[PDB]
Amino acid sequence: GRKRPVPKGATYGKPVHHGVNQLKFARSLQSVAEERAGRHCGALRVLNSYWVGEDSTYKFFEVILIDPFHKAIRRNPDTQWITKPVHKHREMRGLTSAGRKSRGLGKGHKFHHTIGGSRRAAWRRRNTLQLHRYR
Amino acid sequence: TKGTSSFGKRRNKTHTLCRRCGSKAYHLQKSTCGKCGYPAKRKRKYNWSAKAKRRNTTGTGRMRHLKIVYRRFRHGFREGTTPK
Amino acid sequence: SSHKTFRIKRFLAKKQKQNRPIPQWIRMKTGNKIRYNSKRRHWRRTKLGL
Amino acid sequence: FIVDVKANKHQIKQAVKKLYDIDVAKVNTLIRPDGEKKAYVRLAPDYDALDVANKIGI
Amino acid sequence: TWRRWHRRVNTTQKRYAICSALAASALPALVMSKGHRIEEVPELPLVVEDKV
Amino acid sequence: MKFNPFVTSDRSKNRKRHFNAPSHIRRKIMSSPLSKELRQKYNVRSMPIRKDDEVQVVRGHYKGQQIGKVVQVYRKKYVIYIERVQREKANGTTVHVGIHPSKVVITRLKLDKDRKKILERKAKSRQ
Amino acid sequence: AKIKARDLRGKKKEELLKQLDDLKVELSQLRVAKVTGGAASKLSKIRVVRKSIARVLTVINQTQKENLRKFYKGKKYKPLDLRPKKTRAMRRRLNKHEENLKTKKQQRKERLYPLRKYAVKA
Amino acid sequence: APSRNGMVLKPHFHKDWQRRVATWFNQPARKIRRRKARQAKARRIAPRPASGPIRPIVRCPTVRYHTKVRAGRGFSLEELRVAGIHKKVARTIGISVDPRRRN
RNA sequence: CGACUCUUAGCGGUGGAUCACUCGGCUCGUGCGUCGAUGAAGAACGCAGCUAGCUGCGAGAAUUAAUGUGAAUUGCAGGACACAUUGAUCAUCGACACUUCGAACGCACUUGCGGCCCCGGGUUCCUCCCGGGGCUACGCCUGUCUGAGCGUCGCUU
RNA sequence: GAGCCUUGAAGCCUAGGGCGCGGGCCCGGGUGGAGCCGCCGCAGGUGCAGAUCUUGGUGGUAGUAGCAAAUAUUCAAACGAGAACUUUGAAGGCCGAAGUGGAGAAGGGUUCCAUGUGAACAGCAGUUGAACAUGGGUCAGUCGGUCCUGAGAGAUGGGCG
RNA sequence: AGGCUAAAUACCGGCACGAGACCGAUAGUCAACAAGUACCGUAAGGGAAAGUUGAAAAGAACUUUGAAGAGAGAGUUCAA
RNA sequence: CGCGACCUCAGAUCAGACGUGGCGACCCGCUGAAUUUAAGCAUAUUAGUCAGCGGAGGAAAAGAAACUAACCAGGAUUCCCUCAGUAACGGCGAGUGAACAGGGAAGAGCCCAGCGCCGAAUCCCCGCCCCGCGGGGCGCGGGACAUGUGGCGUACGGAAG
Ligand SMILES: [Mg+2]
Ligand SMILES: [Mg+2]
Ligand SMILES: [Mg+2]
Ligand SMILES: [Mg+2]
Ligand SMILES: [Mg+2]
Ligand SMILES: [Mg+2]
Ligand SMILES: [Mg+2]
Ligand SMILES: [Mg+2]
Ligand SMILES: [Mg+2]
Ligand SMILES: [Mg+2]
Ligand SMILES: [Mg+2]
Ligand SMILES: [Mg+2]
Ligand SMILES: [Mg+2]
Ligand SMILES: [Mg+2]
Ligand SMILES: [Mg+2]
Ligand SMILES: [Mg+2]
Ligand SMILES: [Mg+2]
Ligand SMILES: [Mg+2]
Ligand SMILES: [Mg+2]
Ligand SMILES: [Mg+2]
Ligand SMILES: [Mg+2]
Ligand SMILES: [Mg+2]
Ligand SMILES: [Mg+2]
Ligand SMILES: [Mg+2]
Ligand SMILES: [Mg+2]
Ligand SMILES: [Mg+2]
Ligand SMILES: [Mg+2]
Ligand SMILES: [Mg+2]
Ligand SMILES: [Mg+2]
Ligand SMILES: [Mg+2]
Ligand SMILES: [Mg+2]
Ligand SMILES: [Mg+2]
Ligand SMILES: [Mg+2]
Ligand SMILES: [Mg+2]
Ligand SMILES: [Mg+2]
Ligand SMILES: [Mg+2]
Ligand SMILES: [Mg+2]
Ligand SMILES: [Mg+2]
Ligand SMILES: [Mg+2]
Ligand SMILES: [Mg+2]
Ligand SMILES: [Mg+2]
Ligand SMILES: [Mg+2]
Ligand SMILES: [Mg+2]
Ligand SMILES: [Mg+2]
Ligand SMILES: [Mg+2]
Ligand SMILES: [Mg+2]
Ligand SMILES: [Mg+2]
Ligand SMILES: [Mg+2]
Ligand SMILES: [Mg+2]
Ligand SMILES: [Zn+2]
């Protein structure tokens with residue numbers, strides 16, 4: 001898990017938040033690997049990634065990247081969806097498999113917190129104080 | 001000897017005119033800017049100061065390319081020139 | 001300071017270009033209400049500071 | 001003469017020799033504080049500065 | 001901006017007001033007291049032909 | 001009544017476009033009516049005025065029977081100046097009086113091929 | 001005397017260069033006349049001289065650009081100033097052919113099962 | 001703070017609701033937009049009828065609404081096979097097809 | 001009797017309140033979806049005949065070319081006044097041009113110091129010789145060129 | 001309201017006439033020059049004597065305090081309408097080489113120089129100035145930066161995030 | 001435990017746009033005006049004041065006192 | 001010892017191409033307090049917000065069920081009215097707080113890995129010819145990727161011979 005970057009473990013708040021040692025970071029390490037790979041190479045497009053190794057400390061992933069300007073990918077129209085500019089940097093918006101699995105969406109009674117789109121859109125639609133002309 | 005006798009010793013300017021936004025903020029002793037952050041690749045902007053965005057965002061200078069981007073978008077980026 | 005870099009002399013050269021009053025024909029123009037240069041900098045009261 | 005600031009002694013010397021058809025002994029440049037360059041172009045002793053000034057019209 | 005601007009009326013009261021206005025348009029004293037010049041005008045509510 | 005929703009009835013917007021219209025719009029603004037015999041002869045209501053048009057003034061301090069030729073058209077001031085219409089200063093120097101071209105009845109136009117094309121378009125559009 | 005663009009566009013570059021050199025000689029002589037005092041009828045003239053220099057330079061650059069395009073037209077990998085300019089998103093448009101390019105399964109599916117036109121009242 | 005005999009009130013206004021106030025000032029605007037959308041569809045798309053695909057007779061799952069009836073989604077592939085037509089051929093005819101609906 | 005002080009009224013004097021006006025804001029709604037490595041936003045400097053600011057431009061610098069309209073811009077002298085040649089201003093702008101810093105990109109930046117290729121004159125040629133033109137930032141993709149291994153193997157000495 | 005009017009609306013003043021108990025109002029007289037009011041309903045950012053109220057302006061104080069740190073000025077002439085102060089002659093003094101002298105670094109940016117004006121600035125004054133307006137002025141192989149490292153700051157390889 | 005997909009939805013940034021039971025230069029955006037300007041702080045940053053002659057300058061020719069500032073006559077304008 | 005093939009790699013100012021940065025009102029991902037309330041204050045509320053960081057588009061996200069329900073069963077995502085200030089959470093204090101129906105706008109569905117079958121029938125690049133305007137895209141001859149697996153036939157609604 002991650003350690004809180006506050007100096008000397010001091011939070012300066014209520015006793016809710018003094019747990020500097022344990023913040024357990026809602027994104028997965030697979031999503032961290034996707035972020036680091038795509039941000040080191042923003043010219044590529046992060047498709048997916050998978051686990052290949054662990055010992056104690058270092059967790060090892062292999063990431064597949066798509067080149068949106070090679071001619072074999074600009075042709076073959078089962079692949080042209082990732083060439084479109086709405087798929088730029090999927091790894092940092094949370095559009096891959098590990099990204100969706102870290103966002104925690106899906107159909108069910110176990111996912112009413114993010115009922116549609118995202119949890120912030122669900123918060124928006126549930127705390128919109130809606131007002132009309134005729135009341 | 002705290003005030004007017006100590007104002008006379010102020011002689012060496014720490015801030016000098018930077019070269020990206022030009023606002024006298026390039027701190028020479030630290031080799032960085034105080035307003036835009038010149039050795040950083042990105043402009044130093046924040047949300048706690050709305051007036052800094054009001055000074056520094058687009059619409060306050062030339063927009064010498066961006067206005068003619070509007071002027072070409074008004075017709076649709078033509079390539080042919082004219083009839084006779 | 002009597003010796004300084006080239007950008008400071010560019011800045012001081014533009015300020016010497018600025019330091020001149022309104023000519024007598026712009027006030028004589030049509031639809032004008034500019035009567036004196038309000039951006040007139042004097043070298044004692046206002047210091048430009050590089 | 002008054003010269004643009006992007007020129008040097010050699011370009012001023014070549015410009016004078018290729019425009020006014022006269023030889024140049026030396027060129028001393030300063031930056032005039034309005035923003036231009038003041039160039040003192042001393043000519044060869046074979047030429048006459050008064051005659052060159054009358055031919056260029058100053 | 002969220003002042004309560006627009007006010008809903010019952011549709012029965014809307015139709016009631018329409019019927020009351022159309023009934024009060026038939027009496028000559030009410031329309032002359034509103035100020036329309038009905039001196040030389042013929043009979044109340046005027047019905048013109050289908051060629052109009 | 002105004003029906004097209006892409007034109008203003010706003011007083012501020014109309015005065016803004018009027019006092020900041022460019023010169024090719026100000027030529028259309030500074031249009032002048034014609035005399036009754038000339039509009040009978042040409043079948044046109046009004047024409048934009050130019051440098052060499054003869055002018056009878058109908059309203060103002062100078063009124064009627066003063067057919068003169070204009071000299072200057074300040075489109076910045078919306079003012080034509082007439083050669084016959086004079087006013088002395090204090091020091092005996094004459095100067096032309098400011099006359100707006102909407103209070104101007106043109107008695108003689110200037111003949112030009114471009115104005116013949118304009119007049120033909122006016123007559124064809126008036127029909 | 002006047003300098004017309006249709007007069008400039010018909011001449012060769014060896015005459016345009018000499019006429020430009022003559023315009024710049026007149027430019028320098030009227031700069032000398034501007035510095036000295038009694039040449040007050042030459043300042044609108046130096047205005048129209050520098051506008052004429054701009055016109056001649058424009059005609060020369062137009063001629064050079066169209067002369068470059070006459071043999072860079074139809075060539076693969078044309079240079080960057082001759083490539084289209086429009087905007088970056090319109091550079092990252094695929095193609096009309098790459099947009100209309102469809103896979104064989106979807107093409108055969110549209111061959112077999114096309115959309116129908118109909119009406120349902122009786 | 002409380003008073004005489006009135007109902008205990010707990011309004012949910014402690015959160016900063018003033019930023020997120022969505023007031024329907026564009027409700028006739030959306031009405032005109034959606035009128036023009038339906039009219040532009042009926043003009044440009046087809047002589048197909050508005051609300052094009054046909055919907056099934058469907059009973060509502062409840063002990064409350066199951067006495068009533070509803071226009072469903074699709075025609076429940078076993079039903080479509082008994083009617084005897086292909087799936088996408090039915091979709092191009094105008095039959096709405098849902099592969100999930102059982103019988 | 002005059003001088004000083006107080007209260008009204010008339011007139012006069014910094015003062016700009018009230019009233020009247022608006023090329024201004026504020027709110028709402030609709031239409032479109034638009035930056036950049038082919039150099040973005042921003043900044044510095046410069047440009048008018050008389051030109052400090054704003055506005056407009058980039059050594060072609062108060063705009064160039066083309067189209068449309070059709071005799072002006074204007075405070076002043078001048079300039080094209082021509083239109084049975086091409087035509088001033090204005091708007092559109094679709095063609096050219098767009099100094100320097102700036103993601104800024106040869107290095108950090110003191111406008112300093114270089115390194116290749118080509119062209120002109122300077123002892124007609126490199127040898128740290130002047131001017132001009134092109135290139136020279138990081139990461140990465142596909143393909144080409146070169147070589148590193150006691151990584152694995154084939155054939156032979 | 002076939003309301004009021006450039007034959008004078010709003011606004012403002014008034015030792016004028018009046019009404020209502022009062023909130024206030026109507027008319028007359030004087031400036032002003034383009035909009036205003038009455039009734040019935042409707043909606044308010046709708047009435048000020050205060051809040052060490054906010055902004056702006058003005059009195060008593062008041063022609064009052066104050067123009068007093070560093071020994072000191074005086075006569076004649078001149079340009080000038082105008083001189084305790086500007087310039088020159090002369091006299092007497094001070095700073096007295098650790099200077100009230102001659103030039104520099106940082107800092108200022110045209111203040112340096114000439115000509116002209118003296119409403120504005122200089123706490124009085126000017127014919128004077130660092131004020132104003134116009135025009136000038138900074139020339140380098142051999143003076144310094146540029147070259148070098150010092151304390152230190154720093155990117156790539158690498159690591160962290 | 002792999003992936004795409006238009007529609008209804010949102011928009012206080014931007015390009016034009018139309019309306020207002022809104023405000024009227026101490027109000028309304030800080031800014032109707034050479035406004036993020038003058039100016040202040042080393043810097044982050046803070047941040048103003050400031051609309052109106054006339055229908056057209058026709059902005060007072062000329063005489064006179066003073067060196068001028070200013071003034072008395074005279075004149076333009078319905079009106080100084 | 002030398003030559004060659006494959007696999008791991010390094011170099012270049014190799015040919016072609018790509019990301020940086022800005023605006024950020026709407027949208028996505030992370031993490032992220034306290035003033036305030038609870039009349040005190042720790043749990044709670046403020047708030048999964050303010051600030052901070054990273055991204056793209058005119059929309060974004062989501063989107064074809066490892067779903068809802070438990071009866072005469074429905075059937076992608078989104079948006080509105082209801083559900084509902086309800087079930088429920090809470091020093092069960094202050095307060096917080098959904099969902100399934102149901103009615104409407106919108107309607108569009110699909111593809112791939114595996115399984116086998118097709119002698120890789122597939123894609124990238126280079127050179128010349130066939131070509132029309134304002135310009136780049138099909139067909140001929142050899143250089144690579146790919147058998148550690150291109151493309152067609154296939155998608156849980158069954159599919160193939
Ligand atoms: Mg109610
Ligand atoms: Mg002491
Ligand atoms: Mg750098
Ligand atoms: Mg300062
Ligand atoms: Mg308006
Ligand atoms: Mg009580
Ligand atoms: Mg709060
Ligand atoms: Mg005031
Ligand atoms: Mg032209
Ligand atoms: Mg070169
Ligand atoms: Mg009343
Ligand atoms: Mg109030
Ligand atoms: Mg109000
Ligand atoms: Mg008061
Ligand atoms: Mg009171
Ligand atoms: Mg007080
Ligand atoms: Mg006082
Ligand atoms: Mg005294
Ligand atoms: Mg005393
Ligand atoms: Mg003293
Ligand atoms: Mg004397
Ligand atoms: Mg004398
Ligand atoms: Mg002595
Ligand atoms: Mg000593
Ligand atoms: Mg000394
Ligand atoms: Mg001096
Ligand atoms: Mg003098
Ligand atoms: Mg004084
Ligand atoms: Mg001065
Ligand atoms: Mg020497
Ligand atoms: Mg470091
Ligand atoms: Mg690194
Ligand atoms: Mg799935
Ligand atoms: Mg998905
Ligand atoms: Mg959508
Ligand atoms: Mg006022
Ligand atoms: Mg103000
Ligand atoms: Mg006027
Ligand atoms: Mg009067
Ligand atoms: Mg309390
Ligand atoms: Mg407390
Ligand atoms: Mg919480
Ligand atoms: Mg935030
Ligand atoms: Mg970005
Ligand atoms: Mg975009
Ligand atoms: Mg998705
Ligand atoms: Mg409670
Ligand atoms: Mg909560
Ligand atoms: Mg499925
Ligand atoms: Zn900066």
# chains A, B, ... in the order shown; residues from 1 in each chain; ligands from 1
>>> residues_around(residues="residue 53 of chain I", least_positions_apart="4", cutoff="12 Å", atoms="only C-alpha atoms (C1' of nucleotides)", output="PyMOL selection string")
(chain C and resi 18-22+26+34-40) or (chain K and resi 34+37-38)
>>> write_last_selection(atoms="N, CA, C and O atoms (P, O5', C5', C4', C3', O3' and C1' of nucleotides)", output="PDB file, in the first residue's frame")
ATOM      1  N   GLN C  18       8.567  55.509 -25.279  1.00  0.00           N
ATOM      2  CA  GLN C  18       7.309  55.836 -24.613  1.00  0.00           C
ATOM      3  C   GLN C  18       7.323  57.254 -24.063  1.00  0.00           C
ATOM      4  O   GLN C  18       6.300  57.948 -24.091  1.00  0.00           O
ATOM      5  N   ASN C  19       8.468  57.694 -23.545  1.00  0.00           N
ATOM      6  CA  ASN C  19       8.560  58.963 -22.825  1.00  0.00           C
ATOM      7  C   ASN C  19       8.537  60.124 -23.823  1.00  0.00           C
ATOM      8  O   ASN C  19       9.560  60.733 -24.144  1.00  0.00           O
ATOM      9  N   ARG C  20       7.334  60.440 -24.311  1.00  0.00           N
ATOM     10  CA  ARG C  20       7.098  61.631 -25.120  1.00  0.00           C
ATOM     11  C   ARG C  20       5.627  62.009 -25.006  1.00  0.00           C
ATOM     12  O   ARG C  20       4.776  61.122 -24.879  1.00  0.00           O
ATOM     13  N   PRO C  21       5.293  63.311 -25.045  1.00  0.00           N
ATOM     14  CA  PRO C  21       3.899  63.720 -24.817  1.00  0.00           C
ATOM     15  C   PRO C  21       3.000  63.567 -26.032  1.00  0.00           C
ATOM     16  O   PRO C  21       3.418  63.057 -27.074  1.00  0.00           O
ATOM     17  N   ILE C  22       1.761  64.020 -25.898  1.00  0.00           N
ATOM     18  CA  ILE C  22       0.789  63.942 -26.989  1.00  0.00           C
ATOM     19  C   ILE C  22       1.105  65.035 -28.007  1.00  0.00           C
ATOM     20  O   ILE C  22       1.297  66.195 -27.613  1.00  0.00           O
ATOM     21  N   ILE C  26      -3.422  65.057 -32.676  1.00  0.00           N
ATOM     22  CA  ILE C  26      -4.323  63.963 -32.326  1.00  0.00           C
ATOM     23  C   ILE C  26      -5.508  64.483 -31.515  1.00  0.00           C
ATOM     24  O   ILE C  26      -6.638  64.008 -31.682  1.00  0.00           O
ATOM     25  N   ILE C  34      -8.844  62.149 -25.956  1.00  0.00           N
ATOM     26  CA  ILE C  34      -7.543  62.022 -25.311  1.00  0.00           C
ATOM     27  C   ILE C  34      -6.880  63.392 -25.303  1.00  0.00           C
ATOM     28  O   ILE C  34      -6.625  63.974 -26.363  1.00  0.00           O
ATOM     29  N   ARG C  35      -6.599  63.912 -24.110  1.00  0.00           N
ATOM     30  CA  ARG C  35      -6.067  65.260 -23.970  1.00  0.00           C
ATOM     31  C   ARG C  35      -4.628  65.308 -23.486  1.00  0.00           C
ATOM     32  O   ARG C  35      -3.891  66.216 -23.878  1.00  0.00           O
ATOM     33  N   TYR C  36      -4.208  64.361 -22.651  1.00  0.00           N
ATOM     34  CA  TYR C  36      -2.817  64.264 -22.241  1.00  0.00           C
ATOM     35  C   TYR C  36      -2.505  62.806 -21.946  1.00  0.00           C
ATOM     36  O   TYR C  36      -3.400  62.009 -21.653  1.00  0.00           O
ATOM     37  N   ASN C  37      -1.224  62.464 -22.032  1.00  0.00           N
ATOM     38  CA  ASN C  37      -0.782  61.084 -21.861  1.00  0.00           C
ATOM     39  C   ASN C  37      -0.840  60.735 -20.379  1.00  0.00           C
ATOM     40  O   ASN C  37      -0.012  61.203 -19.592  1.00  0.00           O
ATOM     41  N   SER C  38      -1.822  59.918 -19.996  1.00  0.00           N
ATOM     42  CA  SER C  38      -1.951  59.494 -18.608  1.00  0.00           C
ATOM     43  C   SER C  38      -0.911  58.456 -18.218  1.00  0.00           C
ATOM     44  O   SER C  38      -0.669  58.258 -17.023  1.00  0.00           O
ATOM     45  N   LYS C  39      -0.289  57.795 -19.196  1.00  0.00           N
ATOM     46  CA  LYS C  39       0.781  56.835 -18.954  1.00  0.00           C
ATOM     47  C   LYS C  39       2.156  57.492 -18.939  1.00  0.00           C
ATOM     48  O   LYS C  39       3.164  56.826 -19.214  1.00  0.00           O
ATOM     49  N   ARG C  40       2.219  58.784 -18.630  1.00  0.00           N
ATOM     50  CA  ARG C  40       3.470  59.531 -18.622  1.00  0.00           C
ATOM     51  C   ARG C  40       4.262  59.158 -17.377  1.00  0.00           C
ATOM     52  O   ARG C  40       3.841  59.448 -16.253  1.00  0.00           O
TER      53      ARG C  40
ATOM     54  P     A K  34     -10.901  55.142 -24.790  1.00  0.00           P
ATOM     55  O5'   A K  34      -9.611  54.421 -24.201  1.00  0.00           O
ATOM     56  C5'   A K  34      -9.013  53.327 -24.878  1.00  0.00           C
ATOM     57  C4'   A K  34      -7.593  53.119 -24.423  1.00  0.00           C
ATOM     58  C3'   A K  34      -7.374  53.125 -22.919  1.00  0.00           C
ATOM     59  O3'   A K  34      -7.686  51.888 -22.305  1.00  0.00           O
ATOM     60  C1'   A K  34      -5.772  54.517 -23.947  1.00  0.00           C
ATOM     61  P     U K  37      -2.705  45.393 -17.242  1.00  0.00           P
ATOM     62  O5'   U K  37      -2.502  46.939 -17.552  1.00  0.00           O
ATOM     63  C5'   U K  37      -2.882  47.488 -18.805  1.00  0.00           C
ATOM     64  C4'   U K  37      -3.152  48.966 -18.686  1.00  0.00           C
ATOM     65  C3'   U K  37      -2.427  49.667 -17.552  1.00  0.00           C
ATOM     66  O3'   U K  37      -1.087  49.996 -17.872  1.00  0.00           O
ATOM     67  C1'   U K  37      -4.705  50.293 -17.529  1.00  0.00           C
ATOM     68  P     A K  38       0.049  49.959 -16.737  1.00  0.00           P
ATOM     69  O5'   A K  38      -0.175  51.311 -15.928  1.00  0.00           O
ATOM     70  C5'   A K  38      -0.088  52.568 -16.578  1.00  0.00           C
ATOM     71  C4'   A K  38      -0.635  53.674 -15.715  1.00  0.00           C
ATOM     72  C3'   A K  38      -0.009  53.801 -14.340  1.00  0.00           C
ATOM     73  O3'   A K  38       1.224  54.495 -14.357  1.00  0.00           O
ATOM     74  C1'   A K  38      -2.354  53.879 -14.136  1.00  0.00           C
TER      75        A K  38
END
>>> residues_around(residues="residue 34 of chain H", least_positions_apart="5", cutoff="10 Å", atoms="only C-alpha atoms (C1' of nucleotides)", output="NGL selection string")
(:H and (28-29 or 39-40)) or (:K and (8)) or (:L and (105))
>>> write_last_selection(atoms="C-alpha atoms (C1' of nucleotides)", output="PDB file, in the first residue's frame")
ATOM      1  CA  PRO H  28     -39.709  24.714 -23.940  1.00  0.00           C
ATOM      2  CA  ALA H  29     -36.310  24.780 -25.663  1.00  0.00           C
ATOM      3  CA  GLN H  39     -40.055  15.961 -37.604  1.00  0.00           C
ATOM      4  CA  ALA H  40     -36.566  15.763 -39.134  1.00  0.00           C
TER       5      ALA H  40
ATOM      6  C1'   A K   8     -32.135  11.110 -25.292  1.00  0.00           C
TER       7        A K   8
ATOM      8  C1'   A L 105     -37.595  11.058 -24.949  1.00  0.00           C
TER       9        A L 105
END
>>> residues_around(residues="segment 80-94 of chain G", least_positions_apart="5", cutoff="8 Å", atoms="only C-alpha atoms (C1' of nucleotides)", output="list in words")
residues 74 of chain A; 77 of chain B; 69 and 99 of chain G; 36 and 38 of chain I
>>> write_last_selection(atoms="C-alpha atoms (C1' of nucleotides)", output="PDB file, in the first residue's frame")
ATOM      1  CA  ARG A  74      -5.084   2.123 -39.782  1.00  0.00           C
TER       2      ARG A  74
ATOM      3  CA  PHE B  77     -10.961  25.380 -44.354  1.00  0.00           C
TER       4      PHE B  77
ATOM      5  CA  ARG G  69       3.667  23.157 -57.029  1.00  0.00           C
ATOM      6  CA  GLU G  99     -13.496   5.615 -43.345  1.00  0.00           C
TER       7      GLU G  99
ATOM      8  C1'   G I  36      -0.177  23.027 -31.603  1.00  0.00           C
ATOM      9  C1'   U I  38       3.215  21.980 -41.227  1.00  0.00           C
TER      10        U I  38
END
>>> residues_near_ligand(ligand="ligand 44", cutoff="9 Å", atoms="only C-alpha atoms (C1' of nucleotides) and all ligand atoms", output="MDAnalysis selection string")
chainID L and resid 20:22 54:56
>>> write_last_selection(atoms="C-alpha atoms (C1' of nucleotides)", output="PDB file, in the first residue's frame")
ATOM      1  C1'   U L  20       5.078  16.750 -25.321  1.00  0.00           C
ATOM      2  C1'   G L  21       2.382  22.362 -24.566  1.00  0.00           C
ATOM      3  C1'   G L  22      -2.448  25.633 -23.979  1.00  0.00           C
ATOM      4  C1'   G L  54      -3.118  13.424 -14.605  1.00  0.00           C
ATOM      5  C1'   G L  55      -6.359  13.028 -19.936  1.00  0.00           C
ATOM      6  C1'   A L  56      -9.449  13.553 -24.351  1.00  0.00           C
TER       7        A L  56
END
>>> residues_around(residues="segment 9-25 of chain G", least_positions_apart="4", cutoff="8 Å", atoms="only C-alpha atoms (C1' of nucleotides)", output="list in words")
residues 5, 29, 49, 52, 53, 56, 57, 59, 60 and 63 of chain G
